[PDB]
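Before any questions on how it binds or moves, here is one chain, the form deposited in one PDB entry, in structure tokens.
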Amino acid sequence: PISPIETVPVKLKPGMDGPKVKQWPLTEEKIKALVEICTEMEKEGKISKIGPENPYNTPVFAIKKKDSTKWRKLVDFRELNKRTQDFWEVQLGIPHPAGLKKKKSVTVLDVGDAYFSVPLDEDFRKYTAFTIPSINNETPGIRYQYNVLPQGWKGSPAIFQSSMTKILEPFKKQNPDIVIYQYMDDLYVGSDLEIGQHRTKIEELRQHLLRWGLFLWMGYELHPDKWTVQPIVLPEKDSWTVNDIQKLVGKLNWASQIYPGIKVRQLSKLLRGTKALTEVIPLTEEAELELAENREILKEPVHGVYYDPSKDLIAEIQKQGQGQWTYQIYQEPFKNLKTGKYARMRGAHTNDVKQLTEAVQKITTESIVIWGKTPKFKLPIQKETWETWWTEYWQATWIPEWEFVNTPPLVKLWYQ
């Protein structure tokens, strides 16, 4: 029986217009699932039909979460979000909990359904317009409008920020060390316990939020691990071939943009002279001393590398092959704040685009936990291919921004 008697005043960004994004084609099974879903949301009064005087439109489609096979409706509010008044609550925006990424265990909860219990500001309801497409333009498109707080909007979390606070006091007062954070329709719960008493402690927070008028049964388990930024290693051999040293010099020559102290003069000397590529070249005294000094520079951290809340995060992804991918996150070129290596998982090892899409989702999640915000991706796939398949493998309620790289990176291996 949770429902605010009033609504919070909301407007668009100073001198900006509502969205008018075109709806893309959907498969016939997705159309039937959206028709069923929307038929019920209308009766629950969550949404309502609208006339043509409404020119605004936001994309919409259908996915399936982790467990449940039943269809879910996801609305792309990217355009609406950047046009929506960056909500500057009078109580400020919760300073991102720097304690979340240090916790040994974090759990993600879908409290999305808690939003549909709060009414939307009458003068804004027309900006949440969306259409359910029809096959072959046979019939005109079914149009709707939201009456409550729409999942996927950047305003829903903020508006509900007030109620959420008190719904968590009877738990936050009990367990001090536990850290709780929220993003979009997700709720993140970290702790320093162990899987035994961490997994059950969550069930406690589940029933608790259930008694406050509240897909409300899902959760993803993850453990932020070692090396925020993985070290860079140099081979350790007993006999080097001209080719091996040629790749070594290439790797050091690249690292030097990161670490200014690296020297490759004594290693280039062994290379002077046209020799066969598979021939063994004995290392010299100076050579091994330099390879020893360089190896030390790499053990230490990079030069002062800090995070700037004002600027946005970049995320590159390289395809290493055999189901392996690498990535880096940053704001300034050669100043990584995070590097990793998402490995094989359910990609059937035959679908490249499914893997990429799971990598993008995984890197985004991690990103929300460290800086409280999503990164702008630079995907290694043609724009056409990506726009045709992405949605068939997406499962998150949010969507990041992205761009496409069409030039083969020379470093497809120094990140290996």
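Here the rigid core means the biggest group of C-alpha atoms that line up within 1.5 Å when the two forms are laid on top of each other. From 1 onward, residues are counted along the sequence shown.
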Item to check | Missing coords for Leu216 in a third or more of other PDB entries | outcome: yes
Item to check | Residues of the deposited sequence that sit between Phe215 and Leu214 yet are not modelled | outcome: 10 or more
Checklist outcome for this item: Higher of the two mean Cα B-factors (142-150, 200-208; per PDB record) comes from 200-208
Item to check | Residue stretch of maximal mean CA temperature factor, 389-397 vs 13-21 | outcome: 13-21
Checklist entry - Per the PDB entry, which option out of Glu332, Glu300, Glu236, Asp225 has the greatest Cα B factor? => result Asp225
Item to check | Identity of residue with top Cα B-factor, from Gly112, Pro309, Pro133, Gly321 | outcome: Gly112
Item to check | Within-chain third of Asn137 by Cα B-factor, per the entry | outcome: middle
Checklist entry - Is the Cα B-factor recorded for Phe171 in the lowest, middle or highest third of its chain? => result highest
Item to check | Among modelled residues of the same chain, the CA temperature factor third for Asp67 | outcome: highest
Checklist outcome for this item: For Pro260, the third of its chain by CA B-factor is the middle
Checklist outcome for this item: Of the three thirds of the chain ranked by Cα temperature factor, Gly273 occupies the middle
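Absent from the display: the form deposited in another entry. The rest refers to it.
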Checklist entry - Which listed residue, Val75, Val118, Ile202, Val302, is the one whose CA shifts 2 angstroms or more between the shown form and the other one with the rigid core aligned? => result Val302
Next on the checklist: Quick check on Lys275: with the core superposed, does its CA move 2 angstroms or more between the shown form and the other one?
Outcome noted: yes
Item to check | Core-superposed comparison between the shown form and the other one, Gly99 Cα displacement 2 Å or beyond | outcome: no
Item to check | C-alpha of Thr284 moved at least 2 Å between the shown form and the other one on rigid core | outcome: yes
Item to check | Distance trend in the other entry - C-alpha atoms of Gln85 and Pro375, change of 3 Å or more | outcome: closer
Checklist entry - Which is it in the other entry for the CA atoms of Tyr183 and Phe87, closer or farther than here, knowing they shift by 3 Å or more? => result farther
